[PDB]
>>> print(open('input-v1.pdb').read())   # PDB, C-alpha atoms
MODEL        1
ATOM      1  CA  UNK A   1       5.946   7.945  24.619
ATOM      2  CA  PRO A   2       9.313   6.304  23.869
ATOM      3  CA  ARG A   3       8.730   3.832  21.065
ATOM      4  CA  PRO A   4       9.789   0.167  21.506
ATOM      5  CA  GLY A   5      13.463  -0.030  20.626
ATOM      6  CA  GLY A   6      13.990   3.702  20.758
ATOM      7  CA  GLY A   7      11.925   4.597  17.739
ATOM      8  CA  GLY A   8      13.458   6.045  14.619
ATOM      9  CA  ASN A   9      13.035   3.632  11.763
ATOM     10  CA  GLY A  10       9.907   1.915  12.891
ATOM     11  CA  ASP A  11       7.758   4.364  14.797
ATOM     12  CA  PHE A  12       5.541   1.879  16.617
ATOM     13  CA  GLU A  13       3.188   2.544  19.499
ATOM     14  CA  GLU A  14       4.496   1.988  23.018
ATOM     15  CA  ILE A  15       4.646  -1.742  23.628
ATOM     16  CA  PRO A  16       5.417  -3.175  27.103
ATOM     17  CA  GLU A  17       9.108  -3.989  27.288
ATOM     18  CA  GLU A  18       8.166  -6.710  29.757
ATOM     19  CA  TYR A  19       6.401  -8.577  26.979
ATOM     20  CA  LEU A  20       8.789 -10.414  24.633
TER      21      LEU A  20
ENDMDL
END
>>> encode(input="input-v1.pdb", output="C-alpha coordinates")
Amino acid sequence: XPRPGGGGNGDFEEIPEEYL
(Lines of atoms letter the chains of each structure in order from A and count residues from 1; the text may use other names and numbers.)
(Lines give C-alpha, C1' and ligand atoms only; values in the text may rest on other atoms or scores of the structure.)
Protein backbone atom coordinates (compact mmCIF):
# COMPACT_ATOMS: atom_id res chain seq x y z
CA UNK A 1 0.00 0.00 0.00
CA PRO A 2 1.78 3.12 1.29
CA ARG A 3 4.95 3.50 -0.74
CA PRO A 4 8.34 3.78 1.05
CA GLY A 5 8.78 7.42 2.00
CA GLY A 6 5.16 8.31 1.40
CA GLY A 7 5.16 7.88 -2.34
CA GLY A 8 4.66 10.79 -4.69
CA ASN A 9 7.79 11.33 -6.71
CA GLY A 10 9.12 7.83 -6.71
CA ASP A 11 6.23 5.41 -6.68
CA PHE A 12 8.09 2.32 -5.49
CA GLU A 13 6.64 -0.94 -4.25
CA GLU A 14 6.17 -1.36 -0.51
CA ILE A 15 9.57 -1.97 1.03
CA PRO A 16 9.95 -2.97 4.72
CA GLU A 17 10.68 0.14 6.74
CA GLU A 18 12.59 -2.11 9.13
CA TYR A 19 15.17 -2.73 6.43
CA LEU A 20 17.59 0.19 5.96
>>> residues_around(input="input-v1.pdb", residues="segment 12-14 of chain A", least_positions_apart="5", cutoff="7 Å", atoms="all atoms listed in the file", output="count of residues only")
4
>>> axis_aligned_box(input="input-v1.pdb", around="segment 4-19 of chain A", padding_each_side="6 Å", output="lines of an AutoDock Vina configuration file")
center_x = 8.6
center_y = -1.3
center_z = 20.8
size_x = 22.8
size_y = 26.6
size_z = 30.0
>>> residues_around(input="input-v1.pdb", residues="residue 5 of chain A", least_positions_apart="4", cutoff="10 Å", atoms="all atoms listed in the file", output="PyMOL selection string")
chain A and resi 9-12+14-15+17
